[PDB]
């Protein structure tokens, strides 16, 4: 029954440091700079996850700066932060104390995949819609997450509430200022990142979200491979060889390379026959070579695949209310305010 106290700064609101006490620590995962712990805050009994990141003594940490600015129901909340020692001798670590969420979209997907069963489509709609809302929100600040994948989609399995996490790659993108191409994880990388582009946009997150959607509909990742060349072969087998015009929209240094010559596979044959046609249609507007031809997150939210979510009588299969879906702010709608007519139905 050990109680630990530390002085920490709240993640939002007052900059005043406070004493915070926690107990019941236990290891739950592994981070790039140290183990990840669960703990229970003494004042409230709420569970948190504490993760460590290396403090750069010359630049303030981008993930902290981003997570202090965000406040959205589909983004994991930063409760507190503080500094400590850690795994490497002589180093200072930033500790981010996050609201704990016990499951992920990846766990649910693997659960159904291993059972050889299709994830019910109502859950596919709920998860993807919430993911697109979180993207609309961060993209409205200019922030690109750069590492969208199912393991970074936290899930409360009972309430179906999804929260995007892991902003350790996120960056405010600025047109004309280059960015590293080596972000985003295997299976989920947009083709212009596979091609090494340094001038990409937030539409890389929309490609990754289309990969998540396809994976939930297929029961396995749609573009697997351990090397970019294997991944690209899977992409070309579906989308067909990219044209020179398309390659120039991704990375013009690649226009003249020799690529496998394959005709596009029909989108209706990519998925199993009973896949709902609106889900296929949505996927085809997300997994597009040309980055500017991909839907924006708000446009994806307004897509007819999500119309069931806007029906007054929709419930979860377990009889519960749907989670919050229509509490858009001005900030979140700012890329295109009058999608609100679709987005906020009359009963909301």
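If you superpose the two forms and keep the largest set of C-alpha atoms that fall within 1.5 Å, you have the rigid core. Residue numbers count along the first chain shown, from 1.
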Core superposition done, the stretch whose Cα atoms deviate more in 9 other deposited structures of this protein, picking from 202-210 and 171-179, is 171-179
With the rigid core as the fit reference, the stretch showing the greater C-alpha departure in 9 other deposited structures of this protein, 258-266 or 133-141, is 258-266
Counting the other entries of this protein, is residue 245 left out in at least a third of them? no
Is residue 120 unbuilt in at least a third of the other PDB entries compared? no
Between 61-69 and 24-32, which has the higher average C-alpha B-factor in the PDB entry? 24-32
Higher mean Cα B-factor in the deposited model: 126-134 or 258-266? 258-266
At the C-alpha atoms, which of 281, 293, 287, 314 reaches the highest B-factor in this entry? 314
Based on the entry's values, in what third of the chain does the Cα temperature factor of residue 6 lie: lowest, middle or highest? middle
Lowest, middle or highest third: which one holds residue 81 when the chain's residues are ordered by CA B-factor from the entry? lowest
Residue 221: CA B-factor among chain residues, third -> lowest
CA B-factor placement of residue 179, once the chain's modelled residues are sorted into thirds: lowest
With respect to C-alpha B-factor, does residue 87 fall in the lowest, middle or highest third of the chain as deposited? highest
